[PDB]
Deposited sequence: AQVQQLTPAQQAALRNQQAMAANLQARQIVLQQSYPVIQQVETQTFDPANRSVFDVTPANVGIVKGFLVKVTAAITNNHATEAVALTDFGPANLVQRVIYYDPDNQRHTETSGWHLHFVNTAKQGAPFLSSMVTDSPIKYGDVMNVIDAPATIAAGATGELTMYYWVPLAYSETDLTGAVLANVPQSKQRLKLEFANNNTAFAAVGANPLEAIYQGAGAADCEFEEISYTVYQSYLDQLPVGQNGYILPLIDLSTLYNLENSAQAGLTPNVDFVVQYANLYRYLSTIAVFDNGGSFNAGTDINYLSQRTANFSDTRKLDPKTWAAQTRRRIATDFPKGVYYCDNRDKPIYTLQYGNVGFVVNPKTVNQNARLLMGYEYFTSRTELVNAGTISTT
């Protein structure tokens, strides 16, 4: 009955991918000073099957301190967008997460730092030519820096898997893409302050100001949808593919800190950021990390370097200090199919105000 439903969906998906034509087009641009406004509600266009949004973000920042500079934080330009929230034409919320978490998922799905330029020995002048994602390492006292950042906000899982896409052929009922940008308070961290959400940190932080930020949203969708008597993958279009994040506190030295997957959700990936009191360490404050089921079954209890080794196989490098990734794409964590599962971190040292920022990528049935 469902075995048949599954097959029909996949076939409709296949026909839709074969007959419709992919389009990516600008839906809105705005230039502004976050000192004036930092939250914008973009109204996507209602056209065919929407797969996602590519959001271009640029900014000019000035360090007016008399003598001190500021330097990029570990997340840097990824913190230009503080949060993103999307609602479909039914006002059903899909993704709702931080710019840094969205960016880390973009990297994970690309298999390499998102839209980066790889360095090679080629004498031909390939390289960072176009500065697609870019930000100066430091901004000296009295200097102005230019930054460029891109985020892909997904609806559909991928280019070929339309699970999570949105049918937006629904006139009168619009979608909504909420972008909440960085501002002078969030973007600059004083020495000693927590740099988690900031773009720059340093002794010149107090006198740093955005001169402006601008964004351009491009909506990617499928046009010329195939018609029989309309071919649509009904499971695909009624599943939500979402990203979300949360914070957890309560870490104690040498004790297993467990974060339950309160599932029914099919978790494709998990990111755990160990914000150790504003301190971000390269695994030295952790004994091990693991994923486990009640049955004390640790399917992957690993020391930090070996955990990182698994990630190097996924994105060809390490995520920034204190950021840990876990891929469960092929076999998504689904609790009422494996029984309560949890993500575990056993800290070796815990600073005051220590916490785990959890980011999840998952599928779930709509309505």
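Comparing the deposited sequence with the modelled residues, the stretches lacking C-alpha coordinates are 1-14, 244-245, 384-394.
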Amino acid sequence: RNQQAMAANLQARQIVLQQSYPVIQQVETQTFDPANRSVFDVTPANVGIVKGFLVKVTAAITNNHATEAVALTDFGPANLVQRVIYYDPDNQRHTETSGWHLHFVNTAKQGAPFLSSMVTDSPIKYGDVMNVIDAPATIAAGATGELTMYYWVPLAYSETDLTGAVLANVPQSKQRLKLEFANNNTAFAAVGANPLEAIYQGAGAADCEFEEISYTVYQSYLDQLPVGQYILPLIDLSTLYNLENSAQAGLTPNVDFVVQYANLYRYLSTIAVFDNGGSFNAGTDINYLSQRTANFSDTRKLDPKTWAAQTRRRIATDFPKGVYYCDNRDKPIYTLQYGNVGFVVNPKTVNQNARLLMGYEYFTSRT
From here on, numbers count along this sequence of modelled residues.
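As the entry records it, the average C-alpha temperature factor is higher for 43-51, out of 43-51 and 320-328. Higher average CA B factor: 259-267, of the stretches 203-211 and 259-267.
For the set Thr252, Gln92, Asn194, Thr163, the maximum C-alpha B-factor listed in the entry falls on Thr252. Of the candidates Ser220, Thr107, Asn79, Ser238, the PDB record gives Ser238 the highest C-alpha temperature factor. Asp121: CA B factor in the lowest third of modelled residues in this chain (values from the PDB entry). In this PDB entry, the Cα temperature factor of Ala309 sits in the bottom third of its chain's modelled residues, the lowest group. In the PDB entry, a CA B factor belonging to the middle third of its chain's modelled residues is recorded for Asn63.
Annotation for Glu146: CA B-factor lies in the lowest third of the chain's modelled residues. Remark: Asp128 belongs to the lowest third of its chain, ranked by C-alpha B-factor as recorded.
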